[PDB]
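Below: the structure, in structure tokens.
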Amino acid sequence: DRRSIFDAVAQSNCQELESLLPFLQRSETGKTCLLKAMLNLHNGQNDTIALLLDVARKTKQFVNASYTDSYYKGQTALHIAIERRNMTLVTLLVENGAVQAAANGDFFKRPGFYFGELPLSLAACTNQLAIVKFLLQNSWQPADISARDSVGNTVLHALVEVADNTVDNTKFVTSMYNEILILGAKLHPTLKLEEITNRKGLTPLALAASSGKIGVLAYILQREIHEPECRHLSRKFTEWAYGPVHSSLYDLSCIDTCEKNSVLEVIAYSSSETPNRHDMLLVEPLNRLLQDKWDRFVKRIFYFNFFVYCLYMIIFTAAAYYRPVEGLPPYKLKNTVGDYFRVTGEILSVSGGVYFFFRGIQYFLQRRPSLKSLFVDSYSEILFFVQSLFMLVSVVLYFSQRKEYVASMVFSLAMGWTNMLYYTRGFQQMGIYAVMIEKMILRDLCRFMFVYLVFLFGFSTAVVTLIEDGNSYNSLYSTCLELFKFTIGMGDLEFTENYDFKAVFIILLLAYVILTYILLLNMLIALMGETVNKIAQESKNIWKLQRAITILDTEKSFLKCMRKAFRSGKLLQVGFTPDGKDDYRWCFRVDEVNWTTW
Amino acid sequence: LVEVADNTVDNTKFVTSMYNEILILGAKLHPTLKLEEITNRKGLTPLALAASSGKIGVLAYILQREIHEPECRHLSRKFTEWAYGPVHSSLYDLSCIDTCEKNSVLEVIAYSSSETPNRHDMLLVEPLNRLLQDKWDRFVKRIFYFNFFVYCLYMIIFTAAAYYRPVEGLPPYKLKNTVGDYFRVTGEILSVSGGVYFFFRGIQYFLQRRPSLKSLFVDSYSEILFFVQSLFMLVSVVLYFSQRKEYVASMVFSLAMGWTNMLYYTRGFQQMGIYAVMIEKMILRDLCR
Ligand SMILES: COc1cc(CNC(=O)CCCC/C=C/C(C)C)ccc1O
Ligand SMILES: COc1cc(CNC(=O)CCCC/C=C/C(C)C)ccc1O
């Protein structure tokens with residue numbers, strides 16, 4: 001009976017198996033007998049697997065027995081052996097004929113564990129170097145290293161897929177990455193594993209850069225290997241050293257400009273769901289690269305753009321200033337030179353407006369941002385787009401015989417000038433100040449203004465339900481104002497004599513002053529102090545990221561003027577390679593010094 | 001053993017050790033008996049006693065208790081349901097944490113009279129954190145938002161009826177045939193009904209909770225304020241059928257407190273609840289000094 005043998009194997013006794021074997025020959029889930037045996041195995045107490053294998057051999061078609069349920073769909077006995085750190089059973093299964101099995105079930109894709117869908121990926125992802133060595137070098141059937149799973153994740157893909165940014169996890173993930181990469185080199189010196197890409201097309205380096213795994217990225221970018229056979233695996237090199245001085249190179253294989261999305265363009269354009277996209281510009285080559293680009297070929301472009309915006313704002317201001325006032329829009333052009341100048345200024349203004357409108361639309365299309373985090377990812381794109389909207393609405397209402405266009409233009413102009421702060425990112429000690437303004441406007445004023453409006457409305461309704469109006473203080477707008485003024489140090493504790501009782505009125509105003517002016521407002525000062533003292537450092541990081549985005553956008557914009565004139569680094573030969581005795585890369589040089597090493 | 005702990009590391013250490021040893025010994029000597037169920041004159045189980053007295057260490061121990069011995073695996077309160085790689089899925093007992101015979105652990109932690117040293121860290125134990133978050137996620141967030149919306153509507157109609165109070169003569173006022181006057185009187189009746197609701201809620205809270213007189217502004221700052229708003233509303237009612245125009249001096253107060261009390265509902269949101277807590281603490285200490 002099937003249940004009798006199941007009970008026996010769970011009992012770890014072979015007596016029933018021995019009794020039934022002669023009769024065996026004489027004659028939902030789908031779990032295999034050997035599968036249950038290894039599952040119900042303690043201290044190697046399960047030996048009936050060998051008996052079952054020998055019985056089957058005495059009778060290929062069984063060494064590939066796999067689960068069927070959607071939860072464990074495809075789960076294989078080799079995977080079960082590996083999960084338990086089984087070497088003897090794994091080797092026995094491999095020799096007997098039981099390495100490219102695909103465990104495409106849900107559990108391997110809710111609560112679950114992802115390692116890839118191959119035995120090699122499982123063995124690597126579980127910190128088992130010896131087992132992966134044997135699996136990839138098993139003589140009966142060698143486990144392939146280039147096998148590709150459903151979503152495309154190979155073993156290196158998976159190793160990136162598993163990190164968590166911790167010290168020990170990053171430690172052994174990097175260790176196994178290095179070992180498996182050297183092993184793939186020696187077994188297949190012709191192949192280059194890293195180039196492989198998943199369904200999304202992201203290289204493991206690009207994947208570790210997008211997902212947020214800084215440790216793996218720092219590793220991959222700072223990678224050098226000395227072995228004579230496989231020195232081509234390096235991305236870093238040392239070009240000389242004299243005393244305590246050194247001069248190293250870096251690879252920049254496709255960091256600068258890559259096939260689809262390089263590392264830098266993916267770090268900068270991360271949608272802020274990533275944990276740390278701000279520390280991820282701390283790696284040495286990226287810091288040096290951004291500083292170099294800023295120094296050489298984009299500081300002048302940024303200052304030119306800033307000067308052009310300043311001039312645009314000056315003419316917009318000085319044309320809006322002299323707007324015609326008599327009659328209705330439009331206005332008939334006078335023969336005077338000044339009127340010509342004014343209309344030229346207006347046309348310049350509207351041209352800038354449409355430019356900014358199209359830039360905003362294009363940014364939206366390319367970037368495809370969310371709706372909940374749109375005021376955290378990009379605070380300034382929204383504001384430039386809004387200024388453009390106001391300018392265009394004013395245009396719409398200036399050819400529509402209406403004088404409300406000014407109410408638009410004013411707004412626009414204000415935003416215009418206030419937006420000059422956008423350009424204070426090219427300077428550190430001002431960019432950090434603008435970042436702090438950003439953060440406070442987003443958090444502190446929102447909280448404080450909700451609470452303050454609750455208090456103000458409560459007490460102003462309480463004070464208009466008292467007045468009787470028997471000027472026109474019997475208003476909720478005018479009471480809302482006269483009580484707002486208290487906050488700006490202009491509150492007149494007696495602004496009206498229309499009230500039944502004086503004690504109630506004055507107790508009401510005193511409670512309001514004590515609760516908002518003395519308590520709340522000084523509390524806001526205190527909370528601003530604490531928030532400043534916290535974000536002192538995150539502001540620097542966000543400024544760095546802002547400037548990085550500025551550099552990337554500028555280089556993308558003027559690819560027409562100089563698409564390849566400004567390439568980072570120099571095309572150098574670091575060394576030879578066994579493949580073709582050629583190793584020429586666009587490498588980047590940095591010096592260094594040290595005294596302890598000597 | 002619960003009666004002796006002091007929340008220190010070593011005292012908690014050996015108190016837990018001896019608790020475990022004596023419990024296993026009682027199991028082996030008397031496998032039929034269950035010691036924990038026993039209760040003192042007050043009727044509090046040792047777990048409930050360690051939860052009420054403030055002994056967080058002993059509570060964390062008792063709630064996170066598992067035993068592997070074949071004979072006495074029934075002593076566990078925690079279990080492991082599977083593990084595949086680096087992953088695990090554990091269970092917890094909740095014997096009578098949720099709803100217990102007289103006073104469960106949770107109802108006794110929450111309702112501690114603040115004489116207890118640390119009733120705020122005592123919700124840091126894993127099962128209680130997870131339980132509170134789960135309940136909030138599933139079946140009470142909607143109820144809280146519904147109550148908050150109802151209070152907002154009550155406050156809006158109270159405000160907009162108090163706003164248009166009749167001004168000529170003395171109270172009461174003869175209902176005009178105008179539709180607006182009908183609307184106004186309906187609003188007033190709604191207001192007073194809410195007022196009596198809040199008054200009875202305050203009285204019931206006092207009776208059940210039996211708080212002190214020196215620490216009444218530390219234990220519950222908002223029950224007092226809701227009760228006071230109800231008192232002002234009821235006094236205004238008393239002076240609106242007593243031919244007197246001082247009722248307004250009451251109502252105004254009431255309304256103010258009303259709107260200011262909306263902050264009570266900012267506890268369902270973390271970054272606003274913390275702000276309201278800070279307002280509470282400053283009003284209690286700094287403004288007084
Ligand atoms: C443009 O980029 C930035 C801009 C700012 C300053 N601008 C603001 O804070 C927005 C204020 C808008 C107020 C306009 C009100 C009108 C309706 C009268 C700080 C950091 C930046 O990165
Ligand atoms: C209702 O619960 C809360 C309420 C508040 C704010 N409310 C207060 O501070 C009380 C102020 C009362 C002032 C009234 C004065 C009248 C006499 C004119 C903070 C935290 C909470 O938990």
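We name chains A, B, ... following the order of the structure tokens; residues begin at 1 in each chain, and ligands are numbered from 1 as shown.
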Next on the checklist: Please return, as a VMD selection string, all residues of stretch 194-241 of chain A that DSSP assigns to alpha helix (DSSP H) on the basis of the backbone.
Outcome noted: chain A and resid 204 to 211 214 to 221
Write out, as a compact mmCIF listing (two decimals), in the first residue's frame, the residues just selected, with N, CA, C and O atoms.
```txt
# COMPACT_ATOMS: atom_id res chain seq x y z
N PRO A 204 23.84 42.43 -15.16
CA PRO A 204 23.88 42.33 -13.69
C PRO A 204 24.43 43.57 -13.01
O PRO A 204 23.95 43.94 -11.94
N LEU A 205 25.44 44.22 -13.60
CA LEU A 205 25.89 45.50 -13.06
C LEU A 205 24.77 46.52 -13.08
O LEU A 205 24.47 47.18 -12.07
N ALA A 206 24.12 46.68 -14.24
CA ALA A 206 23.00 47.61 -14.35
C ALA A 206 21.88 47.21 -13.40
O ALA A 206 21.19 48.08 -12.84
N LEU A 207 21.67 45.91 -13.20
CA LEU A 207 20.60 45.47 -12.31
C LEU A 207 20.92 45.83 -10.86
O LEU A 207 20.04 46.30 -10.13
N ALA A 208 22.16 45.61 -10.43
CA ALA A 208 22.55 45.97 -9.07
C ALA A 208 22.55 47.48 -8.88
O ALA A 208 22.39 47.96 -7.75
N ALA A 209 22.74 48.24 -9.96
CA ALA A 209 22.68 49.69 -9.86
C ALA A 209 21.25 50.19 -9.77
O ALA A 209 20.97 51.14 -9.04
N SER A 210 20.33 49.57 -10.51
CA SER A 210 18.95 50.01 -10.48
C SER A 210 18.25 49.60 -9.19
O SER A 210 17.53 50.39 -8.58
N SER A 211 18.46 48.35 -8.76
CA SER A 211 17.73 47.84 -7.61
C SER A 211 18.12 48.51 -6.30
O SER A 211 17.35 48.44 -5.34
N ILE A 214 24.15 48.94 -3.48
CA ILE A 214 25.39 49.70 -3.61
C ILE A 214 26.61 48.80 -3.44
O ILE A 214 27.61 48.98 -4.13
N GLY A 215 26.56 47.86 -2.50
CA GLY A 215 27.74 47.04 -2.25
C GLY A 215 28.20 46.27 -3.48
O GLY A 215 29.38 46.29 -3.83
N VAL A 216 27.26 45.61 -4.15
CA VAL A 216 27.59 44.84 -5.34
C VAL A 216 28.08 45.76 -6.45
O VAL A 216 28.98 45.39 -7.22
N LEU A 217 27.51 46.95 -6.57
CA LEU A 217 27.96 47.89 -7.59
C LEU A 217 29.40 48.34 -7.32
O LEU A 217 30.23 48.37 -8.24
N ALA A 218 29.69 48.73 -6.08
CA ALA A 218 31.05 49.11 -5.73
C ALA A 218 32.02 47.98 -6.03
O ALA A 218 33.09 48.21 -6.63
N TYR A 219 31.64 46.75 -5.69
CA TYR A 219 32.47 45.61 -6.04
C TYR A 219 32.71 45.55 -7.54
O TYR A 219 33.86 45.54 -8.00
N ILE A 220 31.64 45.53 -8.33
CA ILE A 220 31.81 45.27 -9.75
C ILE A 220 32.68 46.35 -10.37
O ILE A 220 33.52 46.08 -11.23
N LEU A 221 32.49 47.60 -9.94
CA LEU A 221 33.22 48.70 -10.56
C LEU A 221 34.67 48.74 -10.12
O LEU A 221 35.51 49.26 -10.86
```
Next on the checklist: Using only C-alpha atoms, which protein or nucleic acid residues come within 9 Å of residue B:2? Drop anything in the same chain fewer than 5 positions from it, and give the result as JSON, numbers by chain.
Outcome noted: {"B": [15, 19, 46, 47, 49, 50, 53, 55, 58]}
Checklist entry - Of the candidates B:201, B:210, B:130, B:88, which one gets nearest to chain A if we count only C-alpha atoms? => result B:88
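For the residues A:56, A:245, A:421, A:354, ranking by smallest atom-to-atom distance to ligand 1 using only C-alpha atoms and all ligand atoms places A:421 first.
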Item to check | Within 9 Å of ligand 2, counting only C-alpha atoms and all ligand atoms, residues as a PyMOL selection string | outcome: (chain A and resi 455+459+462+504+507-512+515) or (chain B and resi 220-226+252-267+273+275-281+283)
Next on the checklist: What does the list of residues within 7 Å of ligand 1 look like if you count only C-alpha atoms and all ligand atoms, written as an MDAnalysis selection string?
Outcome noted: chainID A and resid 379:380 383:384 411 414:415 418:422 434:435 437:438 441
Next on the checklist: I need the chain A residues near chain B as a ChimeraX atom specification; criterion: at most 9 Å, counting only C-alpha atoms.
Outcome noted: /A:83-84,112-113,126,447-448,451,454-455,457-466,468,500-501,504-505,508,514-515,518-520,523
Find the residues near stretch 535-542 of chain A: any atom within 8 Å, counting only C-alpha atoms, skip ones fewer than 5 places away on the same chain, and give them as a PDB file with N, CA and C atoms, in the first residue's frame.
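Printed below is result.pdb as written:
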```pdb
ATOM      1  N   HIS A 278      21.246  58.119  -3.534  1.00  0.00           N
ATOM      2  CA  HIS A 278      22.064  59.287  -3.247  1.00  0.00           C
ATOM      3  C   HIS A 278      23.467  58.911  -2.796  1.00  0.00           C
ATOM      4  N   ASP A 279      23.587  57.858  -1.986  1.00  0.00           N
ATOM      5  CA  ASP A 279      24.893  57.311  -1.649  1.00  0.00           C
ATOM      6  C   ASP A 279      25.528  56.584  -2.825  1.00  0.00           C
ATOM      7  N   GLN A 428      27.678  74.816  -4.330  1.00  0.00           N
ATOM      8  CA  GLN A 428      27.378  73.884  -3.248  1.00  0.00           C
ATOM      9  C   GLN A 428      26.661  74.582  -2.100  1.00  0.00           C
ATOM     10  N   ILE A 432      22.681  73.571  -1.240  1.00  0.00           N
ATOM     11  CA  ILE A 432      22.235  72.940  -0.004  1.00  0.00           C
ATOM     12  C   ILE A 432      21.140  73.777   0.657  1.00  0.00           C
ATOM     13  N   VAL A 435      17.959  73.125  -1.176  1.00  0.00           N
ATOM     14  CA  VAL A 435      17.458  71.809  -0.789  1.00  0.00           C
ATOM     15  C   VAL A 435      16.727  71.883   0.546  1.00  0.00           C
ATOM     16  N   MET A 436      17.302  72.596   1.515  1.00  0.00           N
ATOM     17  CA  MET A 436      16.634  72.734   2.808  1.00  0.00           C
ATOM     18  C   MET A 436      15.293  73.439   2.655  1.00  0.00           C
TER      19      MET A 436
END
```
